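The structure appears below as structure tokens.
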Amino acid sequence: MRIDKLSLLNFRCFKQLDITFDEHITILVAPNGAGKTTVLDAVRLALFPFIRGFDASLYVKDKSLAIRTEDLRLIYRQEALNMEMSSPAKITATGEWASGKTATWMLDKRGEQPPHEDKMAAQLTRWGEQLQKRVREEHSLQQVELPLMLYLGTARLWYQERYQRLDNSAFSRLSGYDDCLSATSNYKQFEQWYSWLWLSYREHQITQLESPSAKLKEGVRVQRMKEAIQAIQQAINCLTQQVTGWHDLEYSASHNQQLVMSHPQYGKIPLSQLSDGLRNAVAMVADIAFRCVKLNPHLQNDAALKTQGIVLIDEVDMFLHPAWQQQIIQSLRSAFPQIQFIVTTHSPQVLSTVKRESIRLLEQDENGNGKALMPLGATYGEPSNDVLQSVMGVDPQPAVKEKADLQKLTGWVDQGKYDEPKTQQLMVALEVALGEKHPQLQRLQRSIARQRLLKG
Amino acid sequence: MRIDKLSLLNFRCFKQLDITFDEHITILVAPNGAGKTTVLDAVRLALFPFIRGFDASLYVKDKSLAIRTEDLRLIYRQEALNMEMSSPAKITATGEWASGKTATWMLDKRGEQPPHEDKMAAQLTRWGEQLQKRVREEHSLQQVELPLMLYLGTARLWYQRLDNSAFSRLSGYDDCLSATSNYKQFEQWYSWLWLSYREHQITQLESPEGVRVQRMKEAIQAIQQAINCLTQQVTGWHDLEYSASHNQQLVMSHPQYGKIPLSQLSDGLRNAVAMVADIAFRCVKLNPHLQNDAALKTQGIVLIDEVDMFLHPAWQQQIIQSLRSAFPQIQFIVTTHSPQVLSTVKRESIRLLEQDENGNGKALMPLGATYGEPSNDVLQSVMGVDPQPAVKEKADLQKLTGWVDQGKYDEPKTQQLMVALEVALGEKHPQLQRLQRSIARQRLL
Amino acid sequence: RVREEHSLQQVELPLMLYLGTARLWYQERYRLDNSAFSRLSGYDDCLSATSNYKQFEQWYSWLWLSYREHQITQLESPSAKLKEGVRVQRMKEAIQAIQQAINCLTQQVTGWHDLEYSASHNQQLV
Amino acid sequence: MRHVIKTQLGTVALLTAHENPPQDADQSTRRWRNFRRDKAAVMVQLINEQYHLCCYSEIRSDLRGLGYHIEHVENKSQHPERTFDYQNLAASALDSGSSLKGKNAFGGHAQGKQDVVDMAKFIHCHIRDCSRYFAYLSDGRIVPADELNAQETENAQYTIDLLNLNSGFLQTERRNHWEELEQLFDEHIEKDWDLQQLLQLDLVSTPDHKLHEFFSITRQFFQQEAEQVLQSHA
Ligand SMILES: Nc1ncnc2c1ncn2[C@@H]1O[C@H](COP(=O)(O)OP(=O)(O)OP(=O)(O)O)[C@@H](O)[C@H]1O
């Protein structure tokens, strides 16, 4: 499944908006407001009709998975007492469901009336229902492959502490959609399933060792367990190993029944005792990895490398340091090379690692009209300050007390009047205030030398 | 209350460490896994004996406020492929409690035995109890000053009386070592305060009081001044208020634009405002006798982890100075890894944390300058990170630039590499265009 | 038509109201939602057999408090009464329209008049 | 800026369209919309006469893949009688028709230039002495020239702000150009090269009517050598 375009109308922040998405990775950048969260929420709402067809619906009473009366646009006018709503609120999406199957579906809401959807939105539920039907007829030789939908919000690390099988069955396969678009943490689901997986692997290994007469039947159960573990560990390594050195997440009973990681020089330490960025990244990658493994068990090792779907991440570079920020996107693309990623960030280090066609800059005018444009200049491989000033419009020189004097000195020196006593006094004052090794002062000295050389 | 030096022994990741703290602001800088939260937790543990002297925390049996078995260091024995625990763990702190009262107290835990404090650590609890006793005085005409203790960790987003009495005064130490600050609760209590003030102000218009009204006015003035120290220079916004006329919302004033709602801003700025306002309100509660200078004359220690969370690079450059201007008598100890924050402080206020193979830690000042410095220079020097990312074709581009520089553009291999890079990066790549212009320039001669 | 932005034509709405015996205020019988600020909130329980006094009390209190806020501000800092005085004028005109309507019935026979919100009297209508 | 010299009357379609000038905003807008068929030839002539440089920022839009659009020096909503006057038309970057008009747009698409223009204070490329109003700094900024009256400086600043010539993109590009110029200066100093053979590549056009971008920065960087080169070959 893929989404090519999205258009909003009278939604939370935008009177209207049109935004297209790259095929593999898209990054949303916004200096002011909450436009990025609004776009992510709209996309998440547009994907729910598909999940609704698998019995995964508001059975836990998830009211955020539909357009609410709080999602409509309210205009406050100072000179008038009353305040009205903008109706209807609409979400229109274009994309692809299966190979060669292009569609366009819409969701709308009028005032306090219940939300309504058109006929293509119903066909999107019919497709999920027929996929479920094909999954439940396991007495077949053909294989059906399910897509992935996932949402990762900023609250994915808030209350990690509050809260099994793996086979080719409908019940086991459809557990990969459980709370897939939820806004809360999903860490304990993973921890319990991974603990069961490791314990079953070890117990079946010893059972096979003590009586291998059941080879042709039970030695493939252990092989499946090993292949699942290998896929998950490889996916996590792709992100953690090169930067931090930690690798091979496991479950250890001798460490008080905890998940542990290994380091060449620090040994085995429980994950709960590692740094914030490491825990964040591990949770983020593990979510996708085991959902991929549970959805498509017939892809033993290549479950993550051959799975298709859409993943949404808000603040992808949370808690990561600048050296780690320069490698997160490529790590994600290498771990899951068939998934469409839509992320948000405000870090020049991340923006310097993608091409300008994968960046969208969001802005509004006074009346709520929105625009999602590309950067005017190249960003791929450029220095961080270039991206910071050219794209985000921030001067790399901080606004310290001496900035205005520096600008005045630059303007005076570059225009030929550098031998005047006033200019020299300002020069010496700024040298003592900022030091003689300041790059701007150094290039001003170079400019003075060049101008002196020319006059000859 | 001021802490000057800290020493660790066999604590989480440090075999040994000694770190000195600046009088007004200290920033710990390091990559992940270096031990910033390690130092902050040690400092927070060193201050708990004082908070334990008040009944607001004399019941606090939280296990996170004492040395745990997990805090002892583990050594990896590669030949034996095993983890060995090293004992004991020690935390030693030096500082001043009151004017002219220097002290040194220690805390240690041995193996699985309960943690144990030394003789001088109980005197801190005794001092806290004496302060609590003095606060509960009725006819006293000599003022009592209470210091501010506060810790704001990475979980500070997960989740009154305002009298001049002992209960209200000591309510300022409520969950101070595990404090939380998100904009919802801030909006709630600020709105309550403003509603009460509006009621008492209208009652005066109708029929042209005392302690309660003046306390409310002083609190509002202090909080507004503190937030102005943050928002009024980057933009023109000032004087956050509550407006019933504007659909019962909090608003700010701009000289050219008028009023704007606070709820139309980004989460990061709202959370920063909430943090500053919470510090100011705690200061107001702690010292009623200072009136509207409570935030400007209160002393204490505030610990912040990841001071630049969810902040745009524009606001990361104006956050330390805002805190220094709003609370000029408080000692801040913060952590960060953003170079925009570091580009606006002196090198005397920065500590870089490193280790060796054996676990001996160091905390040193940066060798170069960082005040008024471009972000890329600080990134290259302080952090050791090249501002230019290592994309796939970086090595090829460097090799081609080197070859063209020495004048070998006419060799077949150079042309083949140029064509490969053209097909990969494209024909409008700035570096390739510069190389082509250089090649053309070194012709016609 | 009411919910249209940037409209040139005005819309006039007719009044529709039923005042039965459920309206009566017997002995001891007796924050704003965003929908209470709409023109169409005037059709809220308009034909039902109920009492609608609390709606009026809440909205009228909001009016008076906003008006007093503007008075206090223009007394304190006379520097922002431009496009902010239009709102004050609207609030004042609404208050006086309601007050005159009520005066048309009580003043001549009873002598009572000028219903208003009072903060002195424990924040009550008086 | 650079002074643009016009030496072409125009096109037959443009001349015919100017026979009956529009006399209000509505007519001007409608006829400009209907004129879309013959805009290509006019734009080709405009781009050729400017040596493929933007009329306000002096960038090579073709080399960056940003395009051009026809710009009215004086807004046709202000004085619609000149909607078809060839003397009032120039070519600006950021062709009209995802990076396009917005808050950060510069040149003819800048926010201020779209609303209103005061021709008294506006300095444009069609004024013979526009180049002496501006100076280019080492940090990427553009500022008024020192040798200006207290009245000319206000006009220069107003023009700079109206066209948004100090945006981050333009500042970064100009800073990079200055750095490359410094590199070239050092190179020719080291290699004992001549500082006129090289400068003919940047200051002298080509048979296909093309000039290197940022002509003014290069001319101001080499104070007298650039003037000598220009006088020799122009
Ligand atoms: N008992 C222990 N023995 C040995 N190493 C430990 C122990 N506890 C933690 N560590 C190691 O210490 C490091 C944790 O340091 P810390 O969390 O302070 O790092 P940080 O990235 O600077 O912090 P934060 O991201 O929370 O600001 C990790 O390497 C962890 O493995």
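Ligands are counted one by one from 1 in listed order, and the atoms in each one are counted from 1 as well. Atoms considered below: every heavy atom in the structure, side chains included; atoms not considered: hydrogens, waters and symmetry mates. Naming convention: chains lettered A, B, ... in sequence-line order (proteins, then strands); numbering from 1 in each chain.
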Suppose I only count heavy atoms of [X] and a 4.0 Å limit; which atoms of ligand 1 are within that range?
X: B:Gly33; answer: 13 (C), 19 (O), 20 (P), 21 (O), 22 (O)
X: B:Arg73; answer: 3 (N)
X: A:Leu274; answer: 30 (C), 31 (O)
X: A:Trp246; answer: 31 (O)
X: B:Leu72; answer: 1 (N), 2 (C), 3 (N)
X: B:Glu70; answer: 1 (N)

Check the angle between the aromatic planes of A:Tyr194 and A:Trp198 and answer parallel, tilted or perpendicular using the 30° and 60° thresholds. perpendicular

Using the ring of each side chain (for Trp, its six-membered ring), is A:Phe341 parallel, tilted or perpendicular to A:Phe336, with breaks at 30° and 60°? tilted

Indicate yes or no for a side-chain donor-acceptor contact from B:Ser87 to the backbone of B:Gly111 under 3.5 Å, with no hydrogens or angles considered. yes

Polar side-chain atom of B:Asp356 near backbone of B:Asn360 as donor-acceptor pair, under 3.5 Å: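 Yes.
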
Nearest-neighbour protein heavy atom for [atom], which is reported as residue plus atom name and distance:
atom: atom 10 (N) of ligand 1; result: B:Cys13 CB, 4.1 Å
atom: atom 26 (O) of ligand 1; result: B:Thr37 OG1, 2.4 Å
atom: atom 15 (O) of ligand 1; result: B:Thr38 OG1, 3.7 Å

Flag yes if more than 12 heavy atoms outside [X] fall under 6.0 Å of its [atom1] atom; otherwise flag no.
X: A:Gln192; atom1: CD; result: yes
X: B:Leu81; atom1: CG; result: yes
X: B:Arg68; atom1: CZ; result: yes

Under 4.0 angstrom from ligand 1, any heavy atom of [X]?
X: B:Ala30; answer: no
X: B:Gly35; answer: yes
X: B:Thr335; answer: no

Where the closest heavy atom to atom 14 (C) of ligand 1 is concerned, which of B:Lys36, B:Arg12, B:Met85, A:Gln273 has it? A:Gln273

Taking it one step at a time, do A:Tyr266 and B:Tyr76 satisfy ring-ring contact (aromatic ring centres under 6.0 Å, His included)? CA-CA 6 Å; A:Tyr266 305 144; B:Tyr76 176 40; 9.4 Å; no

To the nearest 0.5 Å, how far apart are CD in B:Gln355 and CD in A:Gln265? 11.5 Å

